[PDB]
>>> print(open('target.cif').read())   # mmCIF, C-alpha atoms; chains and numbers go by the auth columns
data_work
loop_
_atom_site.group_PDB
_atom_site.id
_atom_site.type_symbol
_atom_site.label_atom_id
_atom_site.label_comp_id
_atom_site.label_asym_id
_atom_site.label_seq_id
_atom_site.Cartn_x
_atom_site.Cartn_y
_atom_site.Cartn_z
_atom_site.B_iso_or_equiv
_atom_site.auth_seq_id
_atom_site.auth_asym_id
ATOM 1 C CA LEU A 1 5.280 -55.245 -147.612 0.00 1 A
ATOM 2 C CA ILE A 2 3.200 -57.022 -144.960 0.00 2 A
ATOM 3 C CA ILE A 3 -0.575 -57.183 -145.455 0.00 3 A
ATOM 4 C CA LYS A 4 -3.029 -58.056 -142.704 0.00 4 A
ATOM 5 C CA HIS A 5 -5.756 -60.442 -143.869 0.00 5 A
ATOM 6 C CA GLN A 6 -8.722 -61.104 -141.575 0.00 6 A
ATOM 7 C CA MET A 7 -10.821 -64.158 -142.382 0.00 7 A
ATOM 8 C CA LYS A 8 -13.447 -66.467 -140.910 0.00 8 A
ATOM 9 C CA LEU A 9 -12.592 -70.167 -140.858 0.00 9 A
ATOM 10 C CA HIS A 10 -14.468 -73.318 -139.925 0.00 10 A
ATOM 11 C CA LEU A 11 -13.016 -75.689 -137.337 0.00 11 A
ATOM 12 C CA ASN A 12 -11.052 -77.731 -139.880 0.00 12 A
ATOM 13 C CA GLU A 13 -9.624 -74.655 -141.595 0.00 13 A
ATOM 14 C CA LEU A 14 -8.798 -73.072 -138.235 0.00 14 A
ATOM 15 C CA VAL A 15 -6.985 -76.198 -137.042 0.00 15 A
ATOM 16 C CA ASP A 16 -5.050 -76.434 -140.306 0.00 16 A
ATOM 17 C CA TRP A 17 -4.064 -72.757 -140.216 0.00 17 A
ATOM 18 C CA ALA A 18 -3.034 -72.992 -136.565 0.00 18 A
ATOM 19 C CA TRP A 19 -0.832 -76.026 -137.158 0.00 19 A
ATOM 20 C CA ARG A 20 0.802 -74.561 -140.272 0.00 20 A
ATOM 21 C CA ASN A 21 1.488 -71.196 -138.587 0.00 21 A
ATOM 22 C CA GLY A 22 2.607 -72.610 -135.243 0.00 22 A
ATOM 23 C CA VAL A 23 0.646 -71.402 -132.218 0.00 23 A
ATOM 24 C CA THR A 24 2.126 -72.370 -128.861 0.00 24 A
ATOM 25 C CA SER A 25 -0.913 -71.554 -126.716 0.00 25 A
ATOM 26 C CA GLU A 26 -4.067 -69.602 -127.536 0.00 26 A
ATOM 27 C CA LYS A 27 -7.873 -69.747 -127.279 0.00 27 A
ATOM 28 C CA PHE A 28 -9.963 -69.078 -130.392 0.00 28 A
ATOM 29 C CA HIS A 29 -13.580 -67.985 -129.932 0.00 29 A
ATOM 30 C CA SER A 30 -16.166 -68.562 -132.645 0.00 30 A
ATOM 31 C CA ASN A 31 -19.195 -66.806 -134.081 0.00 31 A
ATOM 32 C CA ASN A 32 -21.599 -68.731 -131.840 0.00 32 A
ATOM 33 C CA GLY A 33 -19.582 -68.622 -128.614 0.00 33 A
ATOM 34 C CA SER A 34 -17.855 -71.987 -128.949 0.00 34 A
ATOM 35 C CA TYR A 35 -14.104 -71.990 -128.389 0.00 35 A
ATOM 36 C CA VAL A 36 -11.072 -74.174 -129.071 0.00 36 A
ATOM 37 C CA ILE A 37 -7.950 -74.013 -126.891 0.00 37 A
ATOM 38 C CA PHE A 38 -4.494 -74.817 -128.247 0.00 38 A
ATOM 39 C CA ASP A 39 -1.882 -75.666 -125.619 0.00 39 A
ATOM 40 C CA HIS A 40 1.668 -76.577 -126.673 0.00 40 A
ATOM 41 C CA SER A 41 0.462 -76.596 -130.307 0.00 41 A
ATOM 42 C CA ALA A 42 -1.961 -79.421 -129.451 0.00 42 A
ATOM 43 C CA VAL A 43 -5.745 -79.199 -129.251 0.00 43 A
ATOM 44 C CA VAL A 44 -6.752 -79.668 -125.625 0.00 44 A
ATOM 45 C CA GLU A 45 -10.255 -78.394 -124.870 0.00 45 A
ATOM 46 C CA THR A 46 -13.098 -77.646 -127.279 0.00 46 A
ATOM 47 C CA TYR A 47 -16.540 -76.413 -126.297 0.00 47 A
ATOM 48 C CA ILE A 48 -19.654 -77.530 -128.165 0.00 48 A
ATOM 49 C CA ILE A 49 -18.655 -76.629 -131.727 0.00 49 A
ATOM 50 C CA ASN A 50 -21.301 -77.039 -134.417 0.00 50 A
ATOM 51 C CA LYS A 51 -20.763 -77.145 -138.152 0.00 51 A
ATOM 52 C CA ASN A 52 -20.558 -73.776 -139.954 0.00 52 A
ATOM 53 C CA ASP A 53 -19.120 -72.113 -136.840 0.00 53 A
ATOM 54 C CA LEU A 54 -16.850 -69.240 -137.857 0.00 54 A
ATOM 55 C CA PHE A 55 -13.587 -68.344 -136.113 0.00 55 A
ATOM 56 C CA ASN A 56 -11.910 -65.001 -136.793 0.00 56 A
ATOM 57 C CA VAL A 57 -8.186 -65.158 -137.563 0.00 57 A
ATOM 58 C CA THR A 58 -5.829 -62.541 -138.998 0.00 58 A
ATOM 59 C CA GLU A 59 -2.826 -63.729 -140.999 0.00 59 A
ATOM 60 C CA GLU A 60 0.010 -61.642 -142.426 0.00 60 A
ATOM 61 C CA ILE A 61 0.854 -62.181 -146.095 0.00 61 A
ATOM 62 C CA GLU A 62 4.108 -60.474 -147.034 0.00 62 A
ATOM 63 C CA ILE A 63 4.852 -59.726 -150.688 0.00 63 A
ATOM 64 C CA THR A 64 8.568 -59.651 -151.456 0.00 64 A
ATOM 65 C CA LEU A 65 10.668 -60.463 -154.498 0.00 65 A
ATOM 66 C CA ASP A 66 12.690 -63.157 -152.726 0.00 66 A
ATOM 67 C CA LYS A 67 9.865 -65.149 -151.102 0.00 67 A
ATOM 68 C CA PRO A 68 7.435 -67.323 -153.083 0.00 68 A
ATOM 69 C CA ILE A 69 4.029 -66.067 -154.175 0.00 69 A
ATOM 70 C CA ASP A 70 1.230 -68.611 -154.448 0.00 70 A
ATOM 71 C CA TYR A 71 -0.359 -67.349 -157.677 0.00 71 A
ATOM 72 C CA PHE A 72 0.746 -64.479 -159.895 0.00 72 A
ATOM 73 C CA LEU A 73 0.410 -63.312 -163.490 0.00 73 A
ATOM 74 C CA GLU A 74 3.326 -61.948 -165.514 0.00 74 A
ATOM 75 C CA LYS A 75 3.326 -59.896 -168.717 0.00 75 A
ATOM 76 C CA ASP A 76 6.436 -59.947 -170.894 0.00 76 A
ATOM 77 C CA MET A 77 7.631 -56.889 -172.781 0.00 77 A
ATOM 78 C CA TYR A 78 6.679 -58.616 -176.037 0.00 78 A
ATOM 79 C CA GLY A 79 3.035 -59.056 -175.041 0.00 79 A
ATOM 80 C CA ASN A 80 2.835 -62.578 -173.638 0.00 80 A
ATOM 81 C CA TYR A 81 0.806 -63.352 -170.518 0.00 81 A
ATOM 82 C CA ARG A 82 1.829 -66.264 -168.305 0.00 82 A
ATOM 83 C CA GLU A 83 0.810 -67.502 -164.864 0.00 83 A
ATOM 84 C CA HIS A 84 3.117 -68.919 -162.194 0.00 84 A
ATOM 85 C CA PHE A 85 2.180 -70.877 -159.072 0.00 85 A
ATOM 86 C CA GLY A 86 4.203 -70.963 -155.869 0.00 86 A
ATOM 87 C CA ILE A 87 7.516 -69.508 -157.058 0.00 87 A
ATOM 88 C CA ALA A 88 9.288 -66.305 -156.085 0.00 88 A
ATOM 89 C CA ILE A 89 9.388 -63.352 -158.462 0.00 89 A
ATOM 90 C CA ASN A 90 13.179 -63.579 -158.674 0.00 90 A
ATOM 91 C CA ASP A 91 12.829 -67.254 -159.625 0.00 91 A
ATOM 92 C CA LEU A 92 11.797 -66.271 -163.157 0.00 92 A
ATOM 93 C CA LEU A 93 14.514 -67.143 -165.661 0.00 93 A
ATOM 94 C CA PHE A 94 14.484 -63.746 -167.395 0.00 94 A
ATOM 95 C CA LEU A 95 13.032 -61.127 -165.066 0.00 95 A
ATOM 96 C CA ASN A 96 14.534 -58.571 -167.459 0.00 96 A
ATOM 97 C CA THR A 97 11.704 -58.966 -169.977 0.00 97 A
ATOM 98 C CA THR A 98 8.909 -58.933 -167.385 0.00 98 A
ATOM 99 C CA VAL A 99 6.956 -55.664 -167.329 0.00 99 A
ATOM 100 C CA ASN A 100 4.037 -56.183 -164.934 0.00 100 A
ATOM 101 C CA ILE A 101 3.184 -58.764 -162.280 0.00 101 A
ATOM 102 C CA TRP A 102 -0.272 -59.037 -160.685 0.00 102 A
ATOM 103 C CA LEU A 103 -1.103 -61.135 -157.641 0.00 103 A
ATOM 104 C CA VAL A 104 -4.174 -63.373 -157.977 0.00 104 A
ATOM 105 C CA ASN A 105 -6.669 -63.608 -155.119 0.00 105 A
ATOM 106 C CA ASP A 106 -8.763 -66.722 -155.928 0.00 106 A
ATOM 107 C CA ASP A 107 -11.608 -64.377 -156.894 0.00 107 A
ATOM 108 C CA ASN A 108 -10.096 -63.942 -160.370 0.00 108 A
ATOM 109 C CA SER A 109 -9.189 -60.413 -159.237 0.00 109 A
ATOM 110 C CA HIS A 110 -5.716 -59.135 -160.122 0.00 110 A
ATOM 111 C CA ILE A 111 -3.820 -56.694 -157.906 0.00 111 A
ATOM 112 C CA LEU A 112 -0.752 -54.998 -159.351 0.00 112 A
ATOM 113 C CA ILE A 113 2.341 -55.677 -157.258 0.00 113 A
ATOM 114 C CA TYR A 114 5.202 -55.247 -159.742 0.00 114 A
ATOM 115 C CA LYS A 115 5.420 -52.396 -162.242 0.00 115 A
ATOM 116 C CA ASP A 116 8.195 -50.320 -163.817 0.00 116 A
ATOM 117 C CA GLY A 117 10.840 -52.691 -162.466 0.00 117 A
ATOM 118 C CA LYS A 118 10.036 -52.181 -158.776 0.00 118 A
ATOM 119 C CA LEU A 119 7.565 -53.488 -156.222 0.00 119 A
ATOM 120 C CA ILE A 120 4.409 -51.537 -155.455 0.00 120 A
ATOM 121 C CA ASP A 121 4.547 -49.816 -152.074 0.00 121 A
ATOM 122 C CA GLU A 122 2.128 -50.720 -149.301 0.00 122 A
ATOM 123 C CA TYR A 123 -0.304 -47.831 -149.720 0.00 123 A
ATOM 124 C CA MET A 124 -0.653 -48.174 -153.482 0.00 124 A
ATOM 125 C CA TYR A 125 -1.213 -51.875 -152.826 0.00 125 A
ATOM 126 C CA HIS A 126 -4.044 -51.029 -150.423 0.00 126 A
ATOM 127 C CA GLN A 127 -5.523 -48.737 -153.065 0.00 127 A
ATOM 128 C CA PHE A 128 -5.332 -51.483 -155.696 0.00 128 A
ATOM 129 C CA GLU A 129 -6.773 -54.050 -153.272 0.00 129 A
ATOM 130 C CA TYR A 130 -9.806 -51.833 -152.749 0.00 130 A
ATOM 131 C CA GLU A 131 -9.895 -51.044 -156.470 0.00 131 A
ATOM 132 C CA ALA A 132 -9.589 -54.522 -157.994 0.00 132 A
ATOM 133 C CA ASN A 133 -13.017 -55.934 -157.060 0.00 133 A
ATOM 134 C CA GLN A 134 -15.325 -53.017 -156.325 0.00 134 A
ATOM 135 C CA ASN A 135 -18.681 -54.430 -157.426 0.00 135 A
ATOM 136 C CA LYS A 136 -18.327 -57.808 -155.741 0.00 136 A
ATOM 137 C CA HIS A 137 -21.734 -58.926 -154.485 0.00 137 A
ATOM 138 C CA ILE A 138 -21.575 -61.822 -152.021 0.00 138 A
ATOM 139 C CA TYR A 139 -24.551 -64.130 -151.601 0.00 139 A
ATOM 140 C CA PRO A 140 -26.440 -63.325 -148.383 0.00 140 A
ATOM 141 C CA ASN A 141 -27.163 -66.495 -146.426 0.00 141 A
ATOM 142 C CA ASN A 142 -27.789 -66.859 -142.694 0.00 142 A
ATOM 143 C CA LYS A 143 -28.485 -70.031 -140.724 0.00 143 A
ATOM 144 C CA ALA A 144 -28.159 -69.969 -136.945 0.00 144 A
ATOM 145 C CA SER A 145 -26.963 -73.593 -136.731 0.00 145 A
ATOM 146 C CA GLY A 146 -27.212 -73.563 -132.954 0.00 146 A
ATOM 147 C CA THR A 147 -29.292 -73.073 -129.830 0.00 147 A
ATOM 148 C CA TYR A 148 -28.353 -72.577 -126.164 0.00 148 A
ATOM 149 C CA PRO A 149 -26.964 -76.061 -125.482 0.00 149 A
ATOM 150 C CA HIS A 150 -27.928 -76.382 -121.822 0.00 150 A
ATOM 151 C CA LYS A 151 -31.334 -77.037 -120.307 0.00 151 A
ATOM 152 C CA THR A 152 -31.610 -73.696 -118.421 0.00 152 A
ATOM 153 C CA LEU B 1 -12.483 -60.078 -203.300 0.00 1 B
ATOM 154 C CA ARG B 2 -10.757 -61.922 -200.460 0.00 2 B
ATOM 155 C CA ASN B 3 -8.627 -60.413 -197.691 0.00 3 B
ATOM 156 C CA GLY B 4 -6.719 -62.289 -195.013 0.00 4 B
ATOM 157 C CA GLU B 5 -4.802 -61.526 -191.840 0.00 5 B
ATOM 158 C CA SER B 6 -2.706 -63.687 -189.536 0.00 6 B
ATOM 159 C CA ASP B 7 -0.657 -63.195 -186.371 0.00 7 B
ATOM 160 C CA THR B 8 1.626 -65.419 -184.301 0.00 8 B
ATOM 161 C CA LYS B 9 3.714 -65.006 -181.155 0.00 9 B
ATOM 162 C CA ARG B 10 6.163 -67.606 -179.839 0.00 10 B
ATOM 163 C CA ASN B 11 8.197 -67.534 -176.624 0.00 11 B
ATOM 164 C CA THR B 12 10.537 -70.400 -175.706 0.00 12 B
ATOM 165 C CA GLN B 13 12.553 -70.390 -172.477 0.00 13 B
ATOM 166 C CA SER B 14 15.238 -73.042 -172.052 0.00 14 B
ATOM 167 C CA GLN B 15 17.547 -74.056 -169.216 0.00 15 B
ATOM 168 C CA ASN B 16 20.562 -76.367 -169.243 0.00 16 B
ATOM 169 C CA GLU B 17 22.787 -77.795 -166.529 0.00 17 B
ATOM 170 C CA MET B 18 25.824 -80.015 -167.063 0.00 18 B
ATOM 171 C CA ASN B 19 27.990 -81.481 -164.297 0.00 19 B
ATOM 172 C CA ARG B 20 31.271 -83.174 -165.197 0.00 20 B
ATOM 173 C CA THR B 21 33.586 -85.124 -162.903 0.00 21 B
ATOM 174 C CA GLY B 22 36.857 -86.849 -163.719 0.00 22 B
ATOM 175 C CA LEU B 23 39.716 -88.577 -161.932 0.00 23 B
ATOM 176 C CA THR B 24 42.776 -89.407 -164.037 0.00 24 B
ATOM 177 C CA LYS B 25 45.100 -91.691 -162.071 0.00 25 B
ATOM 178 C CA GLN B 26 48.643 -91.956 -163.438 0.00 26 B
ATOM 179 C CA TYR B 27 51.148 -94.609 -162.350 0.00 27 B
ATOM 180 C CA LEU B 28 54.769 -93.515 -162.755 0.00 28 B
ATOM 181 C CA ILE B 29 57.616 -95.576 -161.320 0.00 29 B
ATOM 182 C CA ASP B 30 59.552 -92.369 -160.628 0.00 30 B
ATOM 183 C CA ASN B 31 56.972 -91.204 -158.086 0.00 31 B
ATOM 184 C CA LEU B 32 57.595 -94.460 -156.231 0.00 32 B
ATOM 185 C CA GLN B 33 61.303 -93.720 -155.773 0.00 33 B
ATOM 186 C CA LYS B 34 60.535 -90.290 -154.316 0.00 34 B
ATOM 187 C CA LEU B 35 58.362 -92.022 -151.699 0.00 35 B
ATOM 188 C CA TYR B 36 61.411 -93.263 -149.792 0.00 36 B
ATOM 189 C CA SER B 37 62.692 -90.214 -147.914 0.00 37 B
ATOM 190 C CA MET B 38 59.245 -88.647 -147.521 0.00 38 B
ATOM 191 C CA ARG B 39 58.696 -89.870 -143.962 0.00 39 B
ATOM 192 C CA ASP B 40 62.365 -90.186 -142.995 0.00 40 B
ATOM 193 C CA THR B 41 63.242 -86.535 -143.629 0.00 41 B
ATOM 194 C CA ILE B 42 60.663 -85.678 -140.965 0.00 42 B
ATOM 195 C CA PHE B 43 63.046 -86.909 -138.260 0.00 43 B
ATOM 196 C CA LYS B 44 66.249 -85.594 -139.813 0.00 44 B
ATOM 197 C CA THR B 45 65.230 -82.057 -138.866 0.00 45 B
ATOM 198 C CA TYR B 46 64.183 -83.284 -135.418 0.00 46 B
ATOM 199 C CA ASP B 47 67.599 -84.865 -134.887 0.00 47 B
ATOM 200 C CA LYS B 48 69.624 -81.815 -135.898 0.00 48 B
ATOM 201 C CA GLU B 49 67.774 -79.259 -133.761 0.00 49 B
ATOM 202 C CA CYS B 50 66.797 -81.073 -130.550 0.00 50 B
ATOM 203 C CA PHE B 51 69.269 -83.848 -129.635 0.00 51 B
ATOM 204 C CA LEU B 52 72.899 -84.139 -128.585 0.00 52 B
ATOM 205 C CA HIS B 53 75.267 -84.965 -131.445 0.00 53 B
ATOM 206 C CA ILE B 54 78.257 -86.099 -129.350 0.00 54 B
ATOM 207 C CA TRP B 55 78.441 -89.565 -127.823 0.00 55 B
#
>>> encode(input="target.cif", output="structure tokens")
Amino acid sequence: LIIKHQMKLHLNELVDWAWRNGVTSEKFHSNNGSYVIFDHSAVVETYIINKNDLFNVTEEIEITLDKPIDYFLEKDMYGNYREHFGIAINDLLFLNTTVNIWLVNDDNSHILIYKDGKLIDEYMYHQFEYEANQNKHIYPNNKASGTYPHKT
Amino acid sequence: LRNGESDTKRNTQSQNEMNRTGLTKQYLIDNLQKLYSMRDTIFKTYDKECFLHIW
């Protein structure tokens, strides 16, 4: 169960993500045409990069029982709701009692991943990911934060 | 007229782990006597099966 996740990151977030998920050599372009070049997992050359510049990066999050999940919500068969941070699903002491497990997406939106004793397949997960936060209005805000740097 | 209701749900999960280690050392004088021929009998089987037994 591997899920593509495309996001836009500032320079600090992009550098952090690149160093955590090792990149040997790659050039990342930004919203405003600035670029940063990683060579041998070390920053080498950066163009004129202003604040609020957005870089597009796609990361794969894979949801499996054995690997840890950053934030999930578990419902016992008795009716108790608990939340667990950064532990695998199998790491629960008594997985026998657990009925449902929902991933949490930092938007306070729950996506069902574990029901009826088995993981949710990829396509039902896509359906639930669309379905969880339908009426999510994002604030519209645009600032150019740049101008053609050279004298032309 | 007074009516009341009350609910309660408890859920306690416990985990234990206990590691025990011991080493009982016993000193018997008999085991010292059996030490004698322990190394010597190594070369009594060498002598009988590899070397000449006549002068």
>>> atom_distance(input="target.cif", atom1="atom CA of residue 101 of chain A", atom2="atom CA of residue 75 of chain A")
6.5 Å
>>> axis_aligned_box(input="target.cif", around="segment 98-115 of chain A", padding_each_side="6 Å", output="AutoDock Vina command-line options")
--center_x -1.3 --center_y -59.6 --center_z -161.3 --size_x 32.5 --size_y 26.3 --size_z 24.3
>>> interface_residues(input="target.cif", of="chain B", to="chain A", cutoff="8 Å", atoms="all atoms listed in the file", output="mmCIF file with C-alpha atoms, in the frame of the given file")
data_model
loop_
_atom_site.group_PDB
_atom_site.id
_atom_site.type_symbol
_atom_site.label_atom_id
_atom_site.label_comp_id
_atom_site.auth_asym_id
_atom_site.auth_seq_id
_atom_site.Cartn_x
_atom_site.Cartn_y
_atom_site.Cartn_z
ATOM 1 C CA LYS B 9 3.714 -65.006 -181.155
ATOM 2 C CA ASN B 11 8.197 -67.534 -176.624
ATOM 3 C CA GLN B 13 12.553 -70.390 -172.477
#
>>> residues_around(input="target.cif", residues="residue 103 of chain A", least_positions_apart="3", cutoff="10 Å", atoms="all atoms listed in the file", output="mmCIF file with C-alpha atoms, in the coordinates of the input")
data_model
loop_
_atom_site.group_PDB
_atom_site.id
_atom_site.type_symbol
_atom_site.label_atom_id
_atom_site.label_comp_id
_atom_site.auth_asym_id
_atom_site.auth_seq_id
_atom_site.Cartn_x
_atom_site.Cartn_y
_atom_site.Cartn_z
ATOM 1 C CA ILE A 63 4.852 -59.726 -150.688
ATOM 2 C CA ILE A 69 4.029 -66.067 -154.175
ATOM 3 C CA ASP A 70 1.230 -68.611 -154.448
ATOM 4 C CA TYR A 71 -0.359 -67.349 -157.677
ATOM 5 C CA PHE A 72 0.746 -64.479 -159.895
ATOM 6 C CA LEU A 73 0.410 -63.312 -163.490
ATOM 7 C CA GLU A 74 3.326 -61.948 -165.514
ATOM 8 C CA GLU A 83 0.810 -67.502 -164.864
ATOM 9 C CA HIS A 84 3.117 -68.919 -162.194
ATOM 10 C CA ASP A 106 -8.763 -66.722 -155.928
ATOM 11 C CA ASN A 108 -10.096 -63.942 -160.370
ATOM 12 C CA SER A 109 -9.189 -60.413 -159.237
ATOM 13 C CA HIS A 110 -5.716 -59.135 -160.122
ATOM 14 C CA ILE A 111 -3.820 -56.694 -157.906
ATOM 15 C CA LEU A 112 -0.752 -54.998 -159.351
ATOM 16 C CA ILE A 113 2.341 -55.677 -157.258
ATOM 17 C CA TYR A 114 5.202 -55.247 -159.742
#
>>> residues_near_point(input="target.cif", point="(-7.2, -53.4, -150.3)", cutoff="12 Å", atoms="all atoms listed in the file", output="VMD selection string")
chain A and resid 3 to 6 105 109 to 112 122 to 134
>>> atom_distance(input="target.cif", atom1="atom CA of residue 119 of chain A", atom2="atom CA of residue 107 of chain A")
22.1 Å
>>> closest_residue(input="target.cif", among="A:145, A:33, A:1, A:140", to="residue 61 of chain A", atoms="only C-alpha atoms")
A:1
>>> closest_residue(input="target.cif", among="A:55, A:148, A:139, A:81", to="residue 7 of chain A", atoms="all atoms listed in the file")
A:55
>>> closest_residue(input="target.cif", among="A:24, A:68, A:15, A:121", to="residue 46 of chain A", atoms="all atoms listed in the file")
A:15
>>> residues_around(input="target.cif", residues="residue 40 of chain A", least_positions_apart="3", cutoff="10 Å", atoms="all atoms listed in the file", output="mmCIF file with C-alpha atoms, in the frame of the given file")
data_model
loop_
_atom_site.group_PDB
_atom_site.id
_atom_site.type_symbol
_atom_site.label_atom_id
_atom_site.label_comp_id
_atom_site.auth_asym_id
_atom_site.auth_seq_id
_atom_site.Cartn_x
_atom_site.Cartn_y
_atom_site.Cartn_z
ATOM 1 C CA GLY A 22 2.607 -72.610 -135.243
ATOM 2 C CA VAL A 23 0.646 -71.402 -132.218
ATOM 3 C CA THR A 24 2.126 -72.370 -128.861
ATOM 4 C CA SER A 25 -0.913 -71.554 -126.716
ATOM 5 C CA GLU A 26 -4.067 -69.602 -127.536
ATOM 6 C CA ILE A 37 -7.950 -74.013 -126.891
ATOM 7 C CA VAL A 43 -5.745 -79.199 -129.251
ATOM 8 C CA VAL A 44 -6.752 -79.668 -125.625
#
>>> atom_distance(input="target.cif", atom1="atom CA of residue 88 of chain A", atom2="atom CA of residue 57 of chain A")
25.5 Å
>>> closest_residue(input="target.cif", among="A:21, A:96, A:30, A:142", to="residue 59 of chain A", atoms="all atoms listed in the file")
A:21
>>> closest_residue(input="target.cif", among="A:13, A:32, A:117, A:102", to="residue 50 of chain A", atoms="all atoms listed in the file")
A:32
>>> build_atoms(input="target.cif", residues="segment 5-20 of chain B", atoms="N, CA and C atoms", output="PDB file, keeping the file's coordinate frame")
ATOM      1  N   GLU B   5      -5.745 -62.006-192.838  1.00  0.00           N
ATOM      2  CA  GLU B   5      -4.802 -61.526-191.840  1.00  0.00           C
ATOM      3  C   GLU B   5      -4.407 -62.691-190.948  1.00  0.00           C
ATOM      4  N   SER B   6      -3.211 -62.608-190.372  1.00  0.00           N
ATOM      5  CA  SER B   6      -2.706 -63.687-189.536  1.00  0.00           C
ATOM      6  C   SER B   6      -1.609 -63.161-188.628  1.00  0.00           C
ATOM      7  N   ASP B   7      -1.660 -63.560-187.360  1.00  0.00           N
ATOM      8  CA  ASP B   7      -0.657 -63.195-186.371  1.00  0.00           C
ATOM      9  C   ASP B   7      -0.119 -64.458-185.716  1.00  0.00           C
ATOM     10  N   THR B   8       1.007 -64.313-185.022  1.00  0.00           N
ATOM     11  CA  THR B   8       1.626 -65.419-184.301  1.00  0.00           C
ATOM     12  C   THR B   8       2.674 -64.855-183.356  1.00  0.00           C
ATOM     13  N   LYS B   9       2.701 -65.384-182.136  1.00  0.00           N
ATOM     14  CA  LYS B   9       3.714 -65.006-181.155  1.00  0.00           C
ATOM     15  C   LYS B   9       4.224 -66.270-180.484  1.00  0.00           C
ATOM     16  N   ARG B  10       5.536 -66.474-180.503  1.00  0.00           N
ATOM     17  CA  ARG B  10       6.163 -67.606-179.839  1.00  0.00           C
ATOM     18  C   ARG B  10       7.105 -67.092-178.761  1.00  0.00           C
ATOM     19  N   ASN B  11       7.314 -67.900-177.727  1.00  0.00           N
ATOM     20  CA  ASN B  11       8.197 -67.534-176.624  1.00  0.00           C
ATOM     21  C   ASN B  11       8.689 -68.818-175.976  1.00  0.00           C
ATOM     22  N   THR B  12       9.943 -69.180-176.235  1.00  0.00           N
ATOM     23  CA  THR B  12      10.537 -70.400-175.706  1.00  0.00           C
ATOM     24  C   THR B  12      11.635 -70.043-174.718  1.00  0.00           C
ATOM     25  N   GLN B  13      11.548 -70.590-173.510  1.00  0.00           N
ATOM     26  CA  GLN B  13      12.553 -70.390-172.477  1.00  0.00           C
ATOM     27  C   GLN B  13      13.189 -71.730-172.147  1.00  0.00           C
ATOM     28  N   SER B  14      14.511 -71.801-172.251  1.00  0.00           N
ATOM     29  CA  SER B  14      15.238 -73.042-172.052  1.00  0.00           C
ATOM     30  C   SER B  14      16.232 -72.889-170.913  1.00  0.00           C
ATOM     31  N   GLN B  15      16.541 -74.008-170.266  1.00  0.00           N
ATOM     32  CA  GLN B  15      17.547 -74.056-169.216  1.00  0.00           C
ATOM     33  C   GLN B  15      18.350 -75.337-169.351  1.00  0.00           C
ATOM     34  N   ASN B  16      19.666 -75.223-169.202  1.00  0.00           N
ATOM     35  CA  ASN B  16      20.562 -76.367-169.243  1.00  0.00           C
ATOM     36  C   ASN B  16      21.348 -76.431-167.946  1.00  0.00           C
ATOM     37  N   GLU B  17      21.865 -77.614-167.638  1.00  0.00           N
ATOM     38  CA  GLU B  17      22.787 -77.795-166.529  1.00  0.00           C
ATOM     39  C   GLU B  17      23.603 -79.044-166.798  1.00  0.00           C
ATOM     40  N   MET B  18      24.925 -78.919-166.727  1.00  0.00           N
ATOM     41  CA  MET B  18      25.824 -80.015-167.063  1.00  0.00           C
ATOM     42  C   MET B  18      26.898 -80.103-165.993  1.00  0.00           C
ATOM     43  N   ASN B  19      26.992 -81.250-165.331  1.00  0.00           N
ATOM     44  CA  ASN B  19      27.990 -81.481-164.297  1.00  0.00           C
ATOM     45  C   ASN B  19      28.952 -82.565-164.757  1.00  0.00           C
ATOM     46  N   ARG B  20      30.241 -82.250-164.755  1.00  0.00           N
ATOM     47  CA  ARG B  20      31.271 -83.174-165.197  1.00  0.00           C
ATOM     48  C   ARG B  20      32.237 -83.448-164.056  1.00  0.00           C
TER      49      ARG B  20
END
